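Written out below as structure tokens is the structure these notes cover.
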Amino acid sequence: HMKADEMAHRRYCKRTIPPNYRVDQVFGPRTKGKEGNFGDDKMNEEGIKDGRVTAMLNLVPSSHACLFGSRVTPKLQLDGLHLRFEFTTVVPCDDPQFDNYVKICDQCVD
Amino acid sequence: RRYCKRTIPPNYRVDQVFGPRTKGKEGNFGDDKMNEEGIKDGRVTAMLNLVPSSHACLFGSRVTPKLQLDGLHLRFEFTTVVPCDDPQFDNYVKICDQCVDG
């Protein structure tokens, strides 16, 4: 258990969306070519209630995967330490969910 | 078990789960001590504070899908920024300078 406001206002990288909560109400508005670019309107309005999100989360790396599996680039910039994680999940075409993962990304990624 | 969801269990070397530590490619985080000490290394527990949650990673990242030679490549570029005043800040920097070369 975790308070819902402490859940959406805690350390940005550790934040999570509570049931009945908008994506923008936690990670800002959906953009394009920039961070926070994932998701259309339905998804942003429905949050985890949108079933496409549950599918996509199967593709998100876990904590260790993210840490030891991605290309990590840490660089001290004047505004602070920047820790960039570059993780790439690969879904082979034969994967039973392939089509749907594509359908989702297509409509969500801007 | 989907690769992106694996975890490091006790007595396993990081590289026995996520492969040998490289320089500028994927799987470049971790010095010998970390690779060998696995999840036991306390520095690991520190760093994990900076790794994004499932949600932060989906909605806070710069996501780039791309069909490639071997299937769909869903890329996540997430950047945790740690402010100088962060209680652990310095700690984070030390570990980072240790576990990364390039």
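Values below: all heavy atoms of this structure, side chains included; hydrogens, waters and symmetry mates excluded. Labels below follow one simple rule: chain letters A, B, ... track the order of the sequence lines, proteins then strands, and each chain is numbered from 1.
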Proximity breakdown for A/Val109 and chain B, heavy-atom pairs closer than 4.5 Å: side chain
field: Linked, directly or transitively: B/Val81 and B/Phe76 (ILVMFWY side chains, under 4.5 Å)
entry: no
- prompt: Based on non-hydrogen pairs under 4.5 Å, which of B/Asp70, B/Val17, B/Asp85, B/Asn35 is most in contact with chain A?
  reply: B/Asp70
field: Non-hydrogen atoms of A/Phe27 and B/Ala56 that approach each other most closely
entry: CE2-CA, 3.3 Å
Nearest-0.5 Å distance that lies between atom CG in B/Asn49 and atom SG in A/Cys13: 8.0 Å
message: So which atom in A/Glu86 and which in B/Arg75 form the shortest heavy-atom distance, rounded to 0.1 Å?
response: OE1-NH1, 3.0 Å
- line: Heaviest contributor of heavy-atom pairs below 4.5 Å to chain B, chosen from A/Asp24, A/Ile48, A/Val91, is A/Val91
- prompt: Given that the side chain runs from C-beta out, which part of B/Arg2 has a heavy atom under 4.5 Å from chain A: side chain, backbone, both or neither?
  reply: side chain
query: Taking all atoms of both residues into account, what is the closest heavy-atom pair of B/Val100 and A/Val72, and its distance?
result: CG1-O, 4.1 Å
- prompt: To the nearest 0.5 Å, how far apart are CG in A/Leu59 and CG in B/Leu58?
  reply: 8.5 Å
query: Any chance OH of B/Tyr12 has more than 12 other-residue heavy atoms, nucleotides or ligands included, within less than 6.0 Å?
result: no
field: Neighbour count above 12 (heavy atom, 6.0 Å) for A/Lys103 NZ
entry: no
- line: Counting heavy-atom pairs under 4.5 Å with chain A, the top scorer among B/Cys96, B/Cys99, B/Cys57 is B/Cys96
message: Just so I know, are the side chains of A/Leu83 and B/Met47 near enough to count as touching, which here means a heavy-atom distance under 4.5 Å?
response: yes
query: Should the ring pair B/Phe29 and A/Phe68 be called parallel, tilted or perpendicular, given that the plane angle runs from 0 to 90° and is split at 30 and 60?
result: perpendicular
- prompt: Are A/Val102 and A/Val53 grouped together when hydrophobic residues (ILVMFWY) are joined by side-chain heavy atoms under 4.5 angstrom apart?
  reply: yes
query: Most heavy-atom pairs under 4.5 angstrom with chain A, which of B/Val14, B/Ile8, B/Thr7?
result: B/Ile8
Heavy-atom proximity to chain B below 4.5 Å, by part of A/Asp95: side chain
field: Considering all heavy atoms, the nearest B/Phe89-A/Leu81 contact
entry: CE1-CB, 3.8 Å
- prompt: If only atom types and distance count, is the side chain of A/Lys14 paired as donor or acceptor with the main-chain N or O of B/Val51 below 3.5 Å?
  reply: yes
task: Over all heavy atoms of both residues, which pair between B/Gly60 and A/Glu35 is shortest? Give the atoms and the distance, please.
output: O-CB, 3.5 Å
field: Distance in Å, A/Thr31 OG1 paired with B/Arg62 CZ, rounded so as to fall on 0.5 Å steps
entry: 8.0 Å
- request: Would you mind checking which part of A/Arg11 comes under 4.5 Å of any heavy atom in chain B, side chain (CB onward), backbone (N, CA, C, O), both or neither?
  value: side chain
